[PDB]
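1. Experimental structure and its sequence below.
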Amino acid sequence: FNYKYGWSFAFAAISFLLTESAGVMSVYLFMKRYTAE
């Protein structure tokens, strides 16, 4: 028996990495602009 994940599994894997990294920068976009008010 052989089983192996594919490209879209790896595409869904890396899609986690860019989503959470932007939310860090999304608070950082707030943390710089809440000071700006």
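-> Arrived safely. Numbering: from 1, shown residues only.
2. from the chain's centre, how far out does whichever strand or helix holds residue 32 sit?
-> Secondary structure assigned from DSSP states H and E places residue 32 in helix 7-36. In terms of C-alpha atoms, centre = their mean, to the nearest Å, the gap separating the centre of helix 7-36 from the centre of its chain is 4 Å.
3. Could you shift the numbering so residue one becomes 21, and keep it that way?
-> Noted, 21 is the first residue going forward, which turns the last one into helix 27-56.
4. by contact count, what packs against it?
-> In this structure, helix 27-56 packs against no helix or strand, with contacts taken as 3 or more C-beta pairs under 8 Å, 6 or more residues apart in numbering; DSSP states H and E. In this view, the C-beta of every residue, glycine as well, is placed from N, C-alpha and C.
5. Any idea which residue is closest to the centre of the chain?
-> Closest residue to the average C-alpha location of the chain: residue 39 at 2.0 Å, with C-alpha atoms, centre = their mean.
6. so how far is residue 28 from that residue?
-> In this structure, residue 39 lies at 16 Å from residue 28, with C-beta to C-beta, to the nearest Å as the measure.
7. go on, residue 35?
-> Using C-beta to C-beta, one obtains 10 Å as the distance from residue 35 to residue 28.
8. before we move on, what about residue 38?
-> From residue 38 to residue 28 the distance is 15 Å (C-beta to C-beta).
9. Same check on residue 43?
-> For residue 43, the distance to residue 28 under the criterion C-beta to C-beta works out to 23 Å.
10. so what's residue 38 up against?
-> When contacts are counted by C-beta atoms under 8 Å, 6 or more residues apart in numbering, residue 38 touches no other residue.
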